[PDB]
>>> print(open('start31.pdb').read())   # PDB, C-alpha atoms and all ligand atoms
ATOM      1  CA  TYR A 984      13.214 -14.114 -12.776
ATOM      2  CA  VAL A 985      12.567 -15.110 -16.430
ATOM      3  CA  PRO A 986      11.226 -13.053 -19.426
ATOM      4  CA  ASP A 987       7.656 -13.165 -20.763
ATOM      5  CA  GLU A 988       4.804 -11.301 -22.519
ATOM      6  CA  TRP A 989       6.076  -7.975 -21.097
ATOM      7  CA  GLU A 990       9.885  -7.575 -21.068
ATOM      8  CA  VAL A 991      10.065  -4.415 -23.206
ATOM      9  CA  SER A 992      12.910  -3.201 -25.431
ATOM     10  CA  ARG A 993      15.128  -0.983 -23.287
ATOM     11  CA  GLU A 994      15.766   1.237 -26.329
ATOM     12  CA  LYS A 995      12.101   2.215 -26.015
ATOM     13  CA  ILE A 996      12.520   3.803 -22.583
ATOM     14  CA  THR A 997      14.030   7.231 -21.870
ATOM     15  CA  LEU A 998      14.619   8.517 -18.327
ATOM     16  CA  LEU A 999      13.675  12.201 -17.995
ATOM     17  CA  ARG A1000      13.542  13.161 -14.312
ATOM     18  CA  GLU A1001      14.231  11.475 -10.958
ATOM     19  CA  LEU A1002      11.335  11.346  -8.488
ATOM     20  CA  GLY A1003      12.622   9.396  -5.521
ATOM     21  CA  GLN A1004      15.921   8.326  -4.014
ATOM     22  CA  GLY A1005      14.829   4.845  -3.064
ATOM     23  CA  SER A1006      17.227   2.609  -1.172
ATOM     24  CA  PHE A1007      16.396  -0.536  -3.155
ATOM     25  CA  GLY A1008      16.811   1.484  -6.323
ATOM     26  CA  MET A1009      14.853   4.469  -7.497
ATOM     27  CA  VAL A1010      11.834   5.953  -9.203
ATOM     28  CA  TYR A1011      12.166   7.877 -12.458
ATOM     29  CA  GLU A1012       9.642   9.512 -14.764
ATOM     30  CA  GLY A1013      10.259   9.162 -18.471
ATOM     31  CA  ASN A1014       8.731   8.736 -21.905
ATOM     32  CA  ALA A1015       8.180   5.446 -23.723
ATOM     33  CA  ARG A1016       7.619   4.402 -27.337
ATOM     34  CA  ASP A1017       5.211   1.745 -28.631
ATOM     35  CA  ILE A1018       3.892   0.385 -25.314
ATOM     36  CA  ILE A1019       0.162   0.750 -25.849
ATOM     37  CA  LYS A1020      -0.381  -0.615 -29.362
ATOM     38  CA  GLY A1021      -2.268   2.401 -30.683
ATOM     39  CA  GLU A1022      -0.315   5.278 -29.157
ATOM     40  CA  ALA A1023       3.102   6.408 -30.384
ATOM     41  CA  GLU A1024       4.783   7.597 -27.200
ATOM     42  CA  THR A1025       3.313   7.620 -23.677
ATOM     43  CA  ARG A1026       4.785   9.170 -20.489
ATOM     44  CA  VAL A1027       5.403   6.647 -17.735
ATOM     45  CA  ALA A1028       6.716   6.018 -14.262
ATOM     46  CA  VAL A1029       9.786   3.801 -14.030
ATOM     47  CA  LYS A1030      10.788   1.982 -10.852
ATOM     48  CA  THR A1031      14.309   0.592 -10.918
ATOM     49  CA  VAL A1032      16.017  -1.912  -8.681
ATOM     50  CA  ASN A1033      19.689  -1.436  -7.816
ATOM     51  CA  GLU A1034      21.949  -4.083  -9.347
ATOM     52  CA  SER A1035      23.499  -4.599  -5.902
ATOM     53  CA  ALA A1036      20.304  -4.614  -3.817
ATOM     54  CA  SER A1037      19.070  -6.557  -0.800
ATOM     55  CA  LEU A1038      18.677 -10.321  -0.983
ATOM     56  CA  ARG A1039      15.297  -9.568   0.578
ATOM     57  CA  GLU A1040      14.191  -6.483  -1.396
ATOM     58  CA  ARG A1041      14.830  -8.179  -4.733
ATOM     59  CA  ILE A1042      12.195 -10.827  -4.086
ATOM     60  CA  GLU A1043       9.701  -8.260  -2.730
ATOM     61  CA  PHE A1044      10.329  -6.377  -5.952
ATOM     62  CA  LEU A1045       9.536  -9.151  -8.400
ATOM     63  CA  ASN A1046       6.555 -10.125  -6.288
ATOM     64  CA  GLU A1047       5.258  -6.592  -6.703
ATOM     65  CA  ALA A1048       5.944  -6.668 -10.446
ATOM     66  CA  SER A1049       4.520 -10.120 -11.027
ATOM     67  CA  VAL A1050       1.421  -9.709  -8.887
ATOM     68  CA  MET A1051       0.621  -6.531 -10.835
ATOM     69  CA  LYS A1052       0.687  -8.278 -14.209
ATOM     70  CA  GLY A1053      -2.752  -9.702 -13.465
ATOM     71  CA  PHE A1054      -4.476  -6.525 -12.330
ATOM     72  CA  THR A1055      -6.594  -4.137 -14.304
ATOM     73  CA  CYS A1056      -8.337  -1.515 -12.226
ATOM     74  CA  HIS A1057      -8.649   2.223 -12.658
ATOM     75  CA  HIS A1058      -7.713   2.430  -8.978
ATOM     76  CA  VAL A1059      -4.605   0.223  -9.019
ATOM     77  CA  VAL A1060      -1.457   1.668 -10.633
ATOM     78  CA  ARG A1061      -1.259  -0.039 -14.023
ATOM     79  CA  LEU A1062       1.777  -2.079 -15.036
ATOM     80  CA  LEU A1063       3.166  -1.448 -18.523
ATOM     81  CA  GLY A1064       6.456  -3.272 -18.977
ATOM     82  CA  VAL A1065       9.442  -5.024 -17.402
ATOM     83  CA  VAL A1066      13.169  -5.267 -18.225
ATOM     84  CA  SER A1067      15.339  -8.048 -16.768
ATOM     85  CA  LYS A1068      17.849  -7.694 -19.612
ATOM     86  CA  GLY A1069      20.879  -6.145 -17.894
ATOM     87  CA  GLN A1070      21.167  -4.316 -14.570
ATOM     88  CA  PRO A1071      19.485  -2.183 -13.506
ATOM     89  CA  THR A1072      16.101  -3.921 -13.946
ATOM     90  CA  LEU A1073      12.969  -1.919 -14.690
ATOM     91  CA  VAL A1074       9.244  -1.994 -13.994
ATOM     92  CA  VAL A1075       7.328   0.435 -16.205
ATOM     93  CA  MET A1076       4.212   1.713 -14.461
ATOM     94  CA  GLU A1077       1.659   4.387 -15.219
ATOM     95  CA  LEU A1078       2.918   7.753 -14.069
ATOM     96  CA  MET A1079       1.266   9.041 -10.934
ATOM     97  CA  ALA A1080       2.216  12.716 -11.326
ATOM     98  CA  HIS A1081       1.722  13.764  -7.691
ATOM     99  CA  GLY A1082       3.847  11.056  -6.051
ATOM    100  CA  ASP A1083       3.005   8.769  -3.157
ATOM    101  CA  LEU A1084       0.174   9.806  -0.874
ATOM    102  CA  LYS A1085       2.325  10.021   2.245
ATOM    103  CA  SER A1086       4.570  12.605   0.553
ATOM    104  CA  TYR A1087       1.617  14.314  -1.070
ATOM    105  CA  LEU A1088      -0.087  14.611   2.308
ATOM    106  CA  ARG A1089       3.104  15.646   4.130
ATOM    107  CA  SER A1090       3.295  18.448   1.550
ATOM    108  CA  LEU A1091      -0.094  19.863   2.479
ATOM    109  CA  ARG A1092       1.183  20.666   5.934
ATOM    110  CA  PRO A1093       1.234  24.498   6.217
ATOM    111  CA  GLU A1094       4.820  24.314   7.551
ATOM    112  CA  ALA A1095       5.738  22.518   4.319
ATOM    113  CA  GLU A1096       8.627  23.878   2.297
ATOM    114  CA  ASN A1097       7.320  22.030  -0.775
ATOM    115  CA  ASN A1098       3.688  23.099  -0.244
ATOM    116  CA  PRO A1099       1.454  22.880  -3.363
ATOM    117  CA  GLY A1100      -0.287  26.160  -2.613
ATOM    118  CA  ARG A1101      -3.544  24.561  -1.482
ATOM    119  CA  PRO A1102      -5.140  23.582   1.862
ATOM    120  CA  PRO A1103      -5.227  20.076   3.373
ATOM    121  CA  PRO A1104      -7.699  17.605   1.917
ATOM    122  CA  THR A1105     -11.317  18.614   2.553
ATOM    123  CA  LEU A1106     -14.100  16.240   3.674
ATOM    124  CA  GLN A1107     -15.254  15.832   0.088
ATOM    125  CA  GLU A1108     -11.777  15.116  -1.251
ATOM    126  CA  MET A1109     -11.279  12.659   1.593
ATOM    127  CA  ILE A1110     -14.491  10.725   0.889
ATOM    128  CA  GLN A1111     -13.169  10.571  -2.653
ATOM    129  CA  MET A1112      -9.731   9.163  -1.725
ATOM    130  CA  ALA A1113     -11.426   6.874   0.758
ATOM    131  CA  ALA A1114     -13.699   5.273  -1.843
ATOM    132  CA  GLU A1115     -11.051   5.057  -4.560
ATOM    133  CA  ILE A1116      -8.540   3.391  -2.275
ATOM    134  CA  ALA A1117     -11.388   1.260  -0.940
ATOM    135  CA  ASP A1118     -12.313   0.291  -4.478
ATOM    136  CA  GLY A1119      -8.744  -0.537  -5.446
ATOM    137  CA  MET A1120      -8.583  -2.667  -2.296
ATOM    138  CA  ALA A1121     -11.936  -4.240  -3.070
ATOM    139  CA  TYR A1122     -10.702  -5.198  -6.535
ATOM    140  CA  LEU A1123      -7.494  -6.556  -5.026
ATOM    141  CA  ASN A1124      -9.302  -8.806  -2.584
ATOM    142  CA  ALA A1125     -11.600  -9.993  -5.378
ATOM    143  CA  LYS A1126      -8.674 -11.268  -7.444
ATOM    144  CA  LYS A1127      -7.941 -13.252  -4.277
ATOM    145  CA  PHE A1128      -5.103 -11.260  -2.688
ATOM    146  CA  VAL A1129      -4.364  -9.839   0.759
ATOM    147  CA  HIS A1130      -2.206  -6.697   0.722
ATOM    148  CA  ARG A1131      -0.625  -6.802   4.186
ATOM    149  CA  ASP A1132       1.023  -3.426   3.549
ATOM    150  CA  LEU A1133      -1.758  -0.874   2.991
ATOM    151  CA  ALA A1134      -0.545   2.611   3.894
ATOM    152  CA  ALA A1135      -0.438   6.119   2.477
ATOM    153  CA  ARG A1136       3.213   5.442   1.625
ATOM    154  CA  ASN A1137       1.988   2.818  -0.773
ATOM    155  CA  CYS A1138      -0.837   4.737  -2.392
ATOM    156  CA  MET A1139      -0.100   6.888  -5.406
ATOM    157  CA  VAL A1140      -1.720  10.175  -6.396
ATOM    158  CA  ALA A1141      -2.325  10.745 -10.094
ATOM    159  CA  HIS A1142      -2.163  13.987 -12.033
ATOM    160  CA  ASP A1143      -5.903  14.515 -11.623
ATOM    161  CA  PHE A1144      -5.671  13.483  -7.927
ATOM    162  CA  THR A1145      -7.225  10.037  -8.238
ATOM    163  CA  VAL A1146      -5.655   7.849  -5.549
ATOM    164  CA  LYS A1147      -4.573   4.318  -6.415
ATOM    165  CA  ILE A1148      -2.686   1.407  -4.849
ATOM    166  CA  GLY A1149       0.942   1.353  -5.966
ATOM    167  CA  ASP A1150       3.275  -0.807  -3.901
ATOM    168  CA  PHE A1151       2.793  -4.581  -3.739
ATOM    169  CA  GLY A1152       5.976  -5.949  -2.254
ATOM    170  CA  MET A1153       4.188  -7.477   0.757
ATOM    171  CA  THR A1154       1.071  -8.691  -1.054
ATOM    172  CA  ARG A1155       0.261 -12.396  -0.829
ATOM    173  CA  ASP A1156      -1.969 -14.875  -2.637
ATOM    174  CA  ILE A1157      -5.080 -16.002  -0.750
ATOM    175  CA  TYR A1158      -7.218 -17.656  -3.426
ATOM    176  CA  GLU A1159      -6.447 -20.905  -1.636
ATOM    177  CA  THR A1160      -7.252 -20.230   2.030
ATOM    178  CA  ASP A1161      -8.316 -16.542   2.149
ATOM    179  CA  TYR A1162      -5.587 -15.627   4.626
ATOM    180  CA  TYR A1163      -1.843 -15.491   5.149
ATOM    181  CA  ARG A1164       0.052 -16.631   8.220
ATOM    182  CA  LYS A1165       3.558 -15.336   8.808
ATOM    183  CA  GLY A1166       5.809 -18.306   9.475
ATOM    184  CA  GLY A1167       8.816 -17.099  11.431
ATOM    185  CA  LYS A1168      10.947 -13.960  11.669
ATOM    186  CA  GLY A1169      10.416 -11.089   9.266
ATOM    187  CA  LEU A1170       9.881  -7.361   8.881
ATOM    188  CA  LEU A1171       6.289  -6.112   9.155
ATOM    189  CA  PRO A1172       4.448  -2.746   9.193
ATOM    190  CA  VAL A1173       3.576  -2.990  12.886
ATOM    191  CA  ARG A1174       2.118   0.508  13.034
ATOM    192  CA  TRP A1175      -0.400  -0.338  10.313
ATOM    193  CA  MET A1176      -1.181  -3.934  11.322
ATOM    194  CA  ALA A1177      -4.382  -5.203  12.986
ATOM    195  CA  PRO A1178      -4.509  -6.846  16.456
ATOM    196  CA  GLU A1179      -4.877 -10.384  15.128
ATOM    197  CA  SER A1180      -2.061  -9.851  12.645
ATOM    198  CA  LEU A1181      -0.006  -8.446  15.477
ATOM    199  CA  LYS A1182      -1.048 -11.306  17.753
ATOM    200  CA  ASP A1183      -1.034 -14.334  15.445
ATOM    201  CA  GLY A1184       0.746 -13.106  12.329
ATOM    202  CA  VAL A1185      -2.423 -13.704  10.384
ATOM    203  CA  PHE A1186      -3.346 -11.360   7.544
ATOM    204  CA  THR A1187      -6.876 -11.191   6.177
ATOM    205  CA  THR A1188      -8.930  -8.709   4.203
ATOM    206  CA  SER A1189     -10.273  -7.421   7.530
ATOM    207  CA  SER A1190      -6.712  -6.664   8.645
ATOM    208  CA  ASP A1191      -6.262  -4.765   5.390
ATOM    209  CA  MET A1192      -9.594  -3.121   6.189
ATOM    210  CA  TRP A1193      -8.099  -2.104   9.545
ATOM    211  CA  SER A1194      -5.070  -0.659   7.797
ATOM    212  CA  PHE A1195      -7.473   1.147   5.494
ATOM    213  CA  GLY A1196      -8.713   2.915   8.617
ATOM    214  CA  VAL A1197      -5.209   3.818   9.587
ATOM    215  CA  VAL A1198      -4.686   5.290   6.101
ATOM    216  CA  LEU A1199      -7.733   7.476   6.790
ATOM    217  CA  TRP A1200      -6.100   8.570   9.995
ATOM    218  CA  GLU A1201      -2.912   9.341   8.031
ATOM    219  CA  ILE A1202      -4.918  11.500   5.636
ATOM    220  CA  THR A1203      -6.908  13.277   8.309
ATOM    221  CA  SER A1204      -3.613  13.996  10.050
ATOM    222  CA  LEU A1205      -1.367  14.672   7.064
ATOM    223  CA  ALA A1206       0.707  11.548   7.554
ATOM    224  CA  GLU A1207       1.753  11.671  11.197
ATOM    225  CA  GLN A1208       3.680   8.650  12.423
ATOM    226  CA  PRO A1209       0.925   6.446  13.844
ATOM    227  CA  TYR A1210       1.170   5.891  17.604
ATOM    228  CA  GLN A1211       3.856   8.531  17.704
ATOM    229  CA  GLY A1212       5.426   8.565  21.142
ATOM    230  CA  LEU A1213       4.965   4.831  21.500
ATOM    231  CA  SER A1214       7.824   2.374  21.150
ATOM    232  CA  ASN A1215       7.485  -0.406  18.587
ATOM    233  CA  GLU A1216       7.252  -2.635  21.640
ATOM    234  CA  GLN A1217       4.672  -0.411  23.308
ATOM    235  CA  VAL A1218       2.573  -0.178  20.124
ATOM    236  CA  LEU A1219       2.195  -3.945  19.918
ATOM    237  CA  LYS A1220       1.019  -4.233  23.516
ATOM    238  CA  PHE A1221      -1.189  -1.134  23.142
ATOM    239  CA  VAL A1222      -3.006  -2.327  20.015
ATOM    240  CA  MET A1223      -3.239  -6.001  20.990
ATOM    241  CA  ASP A1224      -4.885  -4.800  24.185
ATOM    242  CA  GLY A1225      -7.549  -2.927  22.242
ATOM    243  CA  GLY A1226      -5.889   0.415  21.638
ATOM    244  CA  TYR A1227      -6.434   2.639  18.608
ATOM    245  CA  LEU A1228      -5.236   6.081  17.434
ATOM    246  CA  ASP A1229      -7.114   9.287  18.333
ATOM    247  CA  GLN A1230      -8.951  11.472  15.866
ATOM    248  CA  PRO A1231      -6.781  14.359  14.681
ATOM    249  CA  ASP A1232      -7.991  17.896  15.345
ATOM    250  CA  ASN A1233     -10.847  19.070  13.073
ATOM    251  CA  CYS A1234     -11.382  15.513  11.870
ATOM    252  CA  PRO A1235     -14.583  15.085   9.859
ATOM    253  CA  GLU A1236     -17.034  13.239  12.083
ATOM    254  CA  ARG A1237     -17.921  11.186   9.024
ATOM    255  CA  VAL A1238     -14.332   9.979   8.492
ATOM    256  CA  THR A1239     -14.008   9.372  12.216
ATOM    257  CA  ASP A1240     -17.036   7.073  11.946
ATOM    258  CA  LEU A1241     -15.297   5.196   9.142
ATOM    259  CA  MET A1242     -12.274   4.687  11.371
ATOM    260  CA  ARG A1243     -14.330   3.482  14.341
ATOM    261  CA  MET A1244     -15.653   0.892  11.895
ATOM    262  CA  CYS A1245     -12.224  -0.190  10.614
ATOM    263  CA  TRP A1246     -10.842  -0.420  14.128
ATOM    264  CA  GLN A1247     -13.411  -2.795  15.546
ATOM    265  CA  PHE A1248     -11.327  -5.144  17.738
ATOM    266  CA  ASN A1249     -13.229  -8.199  16.445
ATOM    267  CA  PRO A1250     -12.287  -8.626  12.739
ATOM    268  CA  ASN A1251     -15.819  -9.751  11.808
ATOM    269  CA  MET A1252     -17.255  -6.439  12.848
ATOM    270  CA  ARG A1253     -15.043  -4.625  10.371
ATOM    271  CA  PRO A1254     -16.666  -3.751   7.033
ATOM    272  CA  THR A1255     -15.645  -4.968   3.620
ATOM    273  CA  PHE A1256     -13.968  -2.743   1.050
ATOM    274  CA  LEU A1257     -17.117  -3.033  -1.009
ATOM    275  CA  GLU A1258     -19.465  -2.181   1.874
ATOM    276  CA  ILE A1259     -17.301   0.918   2.220
ATOM    277  CA  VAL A1260     -17.389   1.938  -1.402
ATOM    278  CA  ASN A1261     -21.126   1.314  -1.215
ATOM    279  CA  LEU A1262     -21.468   3.383   1.908
ATOM    280  CA  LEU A1263     -20.073   6.232  -0.162
ATOM    281  CA  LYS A1264     -21.272   5.743  -3.746
ATOM    282  CA  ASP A1265     -23.649   8.722  -3.445
ATOM    283  CA  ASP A1266     -21.159  11.503  -2.670
ATOM    284  CA  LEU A1267     -18.456  10.981  -5.303
ATOM    285  CA  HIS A1268     -17.290  12.641  -8.544
ATOM    286  CA  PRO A1269     -19.544  11.585 -11.440
ATOM    287  CA  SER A1270     -16.742   9.871 -13.363
ATOM    288  CA  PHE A1271     -16.785   7.196 -10.665
ATOM    289  CA  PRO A1272     -19.142   4.437 -11.958
ATOM    290  CA  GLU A1273     -17.483   4.555 -15.388
ATOM    291  CA  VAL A1274     -14.155   3.557 -13.845
ATOM    292  CA  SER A1275     -15.051   1.956 -10.504
ATOM    293  CA  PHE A1276     -14.760  -1.785 -10.064
ATOM    294  CA  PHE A1277     -17.714  -1.631  -7.680
ATOM    295  CA  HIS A1278     -20.059  -0.448 -10.440
ATOM    296  CA  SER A1279     -18.336  -2.662 -13.015
ATOM    297  CA  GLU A1280     -19.872  -5.868 -14.363
ATOM    298  CA  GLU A1281     -16.789  -7.786 -13.230
ATOM    299  CA  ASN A1282     -18.327  -7.389  -9.773
ATOM    300  CA  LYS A1283     -20.695 -10.357  -9.455
TER     301      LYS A1283
ATOM    302  CA  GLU B 373       9.833   7.780  10.459
ATOM    303  CA  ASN B 374      10.770   4.088  10.109
ATOM    304  CA  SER B 375       8.126   1.716   8.719
ATOM    305  CA  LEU B 376       8.876  -2.009   8.954
ATOM    306  CA  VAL B 377       9.799  -3.672  12.232
ATOM    307  CA  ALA B 378      11.498  -6.976  12.922
ATOM    308  CA  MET B 379       9.252  -9.610  14.512
ATOM    309  CA  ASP B 380       9.036 -13.367  15.142
ATOM    310  CA  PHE B 381       5.956 -15.600  15.135
ATOM    311  CA  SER B 382       7.764 -18.896  15.799
ATOM    312  CA  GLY B 383       6.238 -19.793  19.125
ATOM    313  CA  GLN B 384       3.055 -19.630  21.181
ATOM    314  CA  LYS B 385       3.394 -15.880  21.652
ATOM    315  CA  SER B 386       3.896 -13.028  19.172
ATOM    316  CA  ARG B 387       7.014 -10.858  19.485
ATOM    317  CA  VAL B 388       8.664  -7.637  18.301
ATOM    318  CA  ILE B 389      12.375  -8.571  18.426
ATOM    319  CA  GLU B 390      13.976  -6.682  21.295
ATOM    320  CA  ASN B 391      17.718  -7.163  20.851
ATOM    321  CA  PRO B 392      19.253  -4.558  18.532
ATOM    322  CA  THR B 393      21.704  -6.990  16.983
ATOM    323  CA  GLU B 394      19.168  -9.815  16.607
ATOM    324  CA  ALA B 395      16.442  -7.639  15.122
ATOM    325  CA  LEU B 396      18.941  -6.258  12.664
ATOM    326  CA  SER B 397      19.605  -9.820  11.500
ATOM    327  CA  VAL B 398      16.000 -10.604  10.598
ATOM    328  CA  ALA B 399      16.296  -8.718   7.311
ATOM    329  CA  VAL B 400      18.873 -10.950   5.582
ATOM    330  CA  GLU B 401      17.245 -14.065   7.000
ATOM    331  CA  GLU B 402      13.668 -13.345   5.878
ATOM    332  CA  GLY B 403      15.318 -13.085   2.490
ATOM    333  CA  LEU B 404      17.090 -16.441   2.412
ATOM    334  CA  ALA B 405      14.102 -18.119   4.060
ATOM    335  CA  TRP B 406      12.098 -17.037   1.012
ATOM    336  CA  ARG B 407      14.722 -18.138  -1.534
ATOM    337  CA  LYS B 408      13.814 -21.641  -0.349
ATOM    338  CA  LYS B 409      10.483 -21.902  -2.208
TER     339      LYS B 409
HETATM  340 CA    CA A1301       8.292  -2.944  -3.036
HETATM  341 CA    CA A1302       7.638  -1.244  -0.919
END
>>> encode(input="start31.pdb", output="structure tokens")
Amino acid sequence: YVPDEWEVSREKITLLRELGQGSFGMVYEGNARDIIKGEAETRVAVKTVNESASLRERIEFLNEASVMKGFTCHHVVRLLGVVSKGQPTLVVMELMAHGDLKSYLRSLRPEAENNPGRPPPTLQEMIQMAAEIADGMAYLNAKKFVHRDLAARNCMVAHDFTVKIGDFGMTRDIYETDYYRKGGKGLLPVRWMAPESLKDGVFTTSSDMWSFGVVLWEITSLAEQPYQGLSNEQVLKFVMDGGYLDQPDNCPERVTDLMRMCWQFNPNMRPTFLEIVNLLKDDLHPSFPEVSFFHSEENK
Amino acid sequence: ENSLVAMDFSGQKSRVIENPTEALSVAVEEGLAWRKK
């Protein structure tokens, strides 16, 4: 790594509370000073990277950081600053009060010790999450990028409950060819991957679109472990053969439909993130077109 | 609860690495393999 237009003065960052015992480092919430030229102090999210991390995680960290530097979408966790000056390194992101979606969902489970006092997401709320994530994904693809790691565990939930994309360690550039092909050995999110990706190690927007579907399944099932009861080995075979997860109990027919779409075995039958957002535009909170990339002018 | 899995695409057919000790090696290697670029 090497400094640039971000690298913020460490003396401007204060770590208040811890919000996640990562293994590669951690995630703290804190307050900052003079980040947004116009505001004195602003509360942020701070993701650290252990000094003594993994030869592998490090890279996937900077990738995440870097890749973010070019994004600007209401639905894609905003990057604020970096700090390579002395271990541990920091990536200052906008604070997503309610944590990652997986955890947020897992906390809606009635059996939950850390329950928020409310029921699981309702059809409306889902459609909302669906479109926001979809949008964020749409934007991402537009800036020529394939995520490869879409999952509730990588989506963040803001204070007001807006869902956004927040982890980018596995993201790859596709401006060139519009796809990514895994070379050799590596670690991949098998349970979220599409048949072709499973089969040929090829990642496209459609594969992300497939994952999208899985994320819906995660939501509609409060983050169950996809293909639970199936061995990593068995899951490959099962999905490459044309298998897909089952609708959870009481699953909104309308979200089921969305999943049947995302799980089309033939990648070209799967919708686009935009076609999705479009398919929903009518039933969303009013503050959507103001912020949405879909309704933005940058979409043309 | 695990998330990532070790695989290998070098070769006609796909493959989720089956040997415990080999699969556990993938990690470090995917790392170096990237250093080179
Ligand atoms: Ca990461
Ligand atoms: Ca990650």
>>> residues_around(input="start31.pdb", residues="region 391-399 of chain B", least_positions_apart="3", cutoff="7 Å", atoms="all atoms listed in the file", output="list in words")
residues 1039, 1168, 1169 and 1170 of chain A; 378, 402 and 403 of chain B
>>> atom_distance(input="start31.pdb", atom1="CA of residue 1028 (chain A)", atom2="CA of residue 1148 (chain A)")
14.1 Å
>>> resolve_selection(input="start31.pdb", expression="the PyMOL selection byres (((not hetatm)) within 7 of (chain A and resi 1302))", output="list in words")
residues 1137, 1150, 1151 and 1152 of chain A
>>> resolve_selection(input="start31.pdb", expression="the PyMOL selection byres (((chain A and resi 1204) around 9) and not hetatm)", output="short mmCIF file (atom, residue, chain, number, x, y, z; two decimals) with C-alpha atoms, in the coordinates of the input")
data_model
loop_
_atom_site.label_atom_id
_atom_site.label_comp_id
_atom_site.auth_asym_id
_atom_site.auth_seq_id
_atom_site.Cartn_x
_atom_site.Cartn_y
_atom_site.Cartn_z
CA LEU A 1088 -0.09 14.61 2.31
CA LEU A 1199 -7.73 7.48 6.79
CA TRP A 1200 -6.10 8.57 9.99
CA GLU A 1201 -2.91 9.34 8.03
CA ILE A 1202 -4.92 11.50 5.64
CA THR A 1203 -6.91 13.28 8.31
CA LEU A 1205 -1.37 14.67 7.06
CA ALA A 1206 0.71 11.55 7.55
CA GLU A 1207 1.75 11.67 11.20
CA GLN A 1230 -8.95 11.47 15.87
CA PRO A 1231 -6.78 14.36 14.68
CA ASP A 1232 -7.99 17.90 15.34
CA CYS A 1234 -11.38 15.51 11.87
#
>>> residues_around(input="start31.pdb", residues="residue 1238 (chain A)", least_positions_apart="4", cutoff="12 Å", atoms="only C-alpha atoms", output="ChimeraX atom specification")
/A:1105-1114,1195-1204,1230-1231,1233-1234,1242-1245,1259,1262-1263
>>> interface_residues(input="start31.pdb", of="chain A", to="chain B", cutoff="8 Å", atoms="all atoms listed in the file", output="PyMOL selection string")
chain A and resi 1037-1040+1042+1165-1174+1181-1184+1208+1215-1216+1219
>>> write_last_selection(input="start31.pdb", atoms="C-alpha atoms", output="PDB file, in the coordinates of the input")
ATOM      1  CA  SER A1037      19.070  -6.557  -0.800  1.00  0.00           C
ATOM      2  CA  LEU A1038      18.677 -10.321  -0.983  1.00  0.00           C
ATOM      3  CA  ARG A1039      15.297  -9.568   0.578  1.00  0.00           C
ATOM      4  CA  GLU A1040      14.191  -6.483  -1.396  1.00  0.00           C
ATOM      5  CA  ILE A1042      12.195 -10.827  -4.086  1.00  0.00           C
ATOM      6  CA  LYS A1165       3.558 -15.336   8.808  1.00  0.00           C
ATOM      7  CA  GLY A1166       5.809 -18.306   9.475  1.00  0.00           C
ATOM      8  CA  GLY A1167       8.816 -17.099  11.431  1.00  0.00           C
ATOM      9  CA  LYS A1168      10.947 -13.960  11.669  1.00  0.00           C
ATOM     10  CA  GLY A1169      10.416 -11.089   9.266  1.00  0.00           C
ATOM     11  CA  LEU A1170       9.881  -7.361   8.881  1.00  0.00           C
ATOM     12  CA  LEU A1171       6.289  -6.112   9.155  1.00  0.00           C
ATOM     13  CA  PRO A1172       4.448  -2.746   9.193  1.00  0.00           C
ATOM     14  CA  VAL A1173       3.576  -2.990  12.886  1.00  0.00           C
ATOM     15  CA  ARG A1174       2.118   0.508  13.034  1.00  0.00           C
ATOM     16  CA  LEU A1181      -0.006  -8.446  15.477  1.00  0.00           C
ATOM     17  CA  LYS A1182      -1.048 -11.306  17.753  1.00  0.00           C
ATOM     18  CA  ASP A1183      -1.034 -14.334  15.445  1.00  0.00           C
ATOM     19  CA  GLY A1184       0.746 -13.106  12.329  1.00  0.00           C
ATOM     20  CA  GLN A1208       3.680   8.650  12.423  1.00  0.00           C
ATOM     21  CA  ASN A1215       7.485  -0.406  18.587  1.00  0.00           C
ATOM     22  CA  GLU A1216       7.252  -2.635  21.640  1.00  0.00           C
ATOM     23  CA  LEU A1219       2.195  -3.945  19.918  1.00  0.00           C
TER      24      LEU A1219
END
>>> residues_near_ligand(input="start31.pdb", ligand="ligand CA 1301 (chain A)", cutoff="10 Å", atoms="only C-alpha atoms and all ligand atoms", output="list in words")
residues 1007, 1030, 1032, 1040, 1041, 1042, 1043, 1044, 1045, 1046, 1047, 1048, 1132, 1137, 1149, 1150, 1151, 1152, 1153 and 1154 of chain A
>>> atom_distance(input="start31.pdb", atom1="CA of residue 1093 (chain A)", atom2="CA of residue 1218 (chain A)")
28.4 Å
>>> closest_residue(input="start31.pdb", among="A:1192, A:1223, A:1023, A:1274", to="residue 1255 (chain A)", atoms="all atoms listed in the file")
A:1192
>>> atom_distance(input="start31.pdb", atom1="CA of residue 1278 (chain A)", atom2="CA of residue 1084 (chain A)")
24.6 Å
>>> axis_aligned_box(input="start31.pdb", around="region 1259-1267 of chain A", padding_each_side="4 Å", output="AutoDock Vina command-line options")
--center_x -20.5 --center_y 6.2 --center_z -1.5 --size_x 14.3 --size_y 18.6 --size_z 15.5
>>> residues_around(input="start31.pdb", residues="residue 1141 (chain A)", least_positions_apart="4", cutoff="8 Å", atoms="only C-alpha atoms", output="PyMOL selection string")
chain A and resi 1078-1082+1145-1147
>>> write_last_selection(input="start31.pdb", atoms="C-alpha atoms", output="short mmCIF file (atom, residue, chain, number, x, y, z; two decimals), in the frame of the given file")
data_model
loop_
_atom_site.label_atom_id
_atom_site.label_comp_id
_atom_site.auth_asym_id
_atom_site.auth_seq_id
_atom_site.Cartn_x
_atom_site.Cartn_y
_atom_site.Cartn_z
CA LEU A 1078 2.92 7.75 -14.07
CA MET A 1079 1.27 9.04 -10.93
CA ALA A 1080 2.22 12.72 -11.33
CA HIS A 1081 1.72 13.76 -7.69
CA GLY A 1082 3.85 11.06 -6.05
CA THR A 1145 -7.22 10.04 -8.24
CA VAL A 1146 -5.66 7.85 -5.55
CA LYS A 1147 -4.57 4.32 -6.42
#
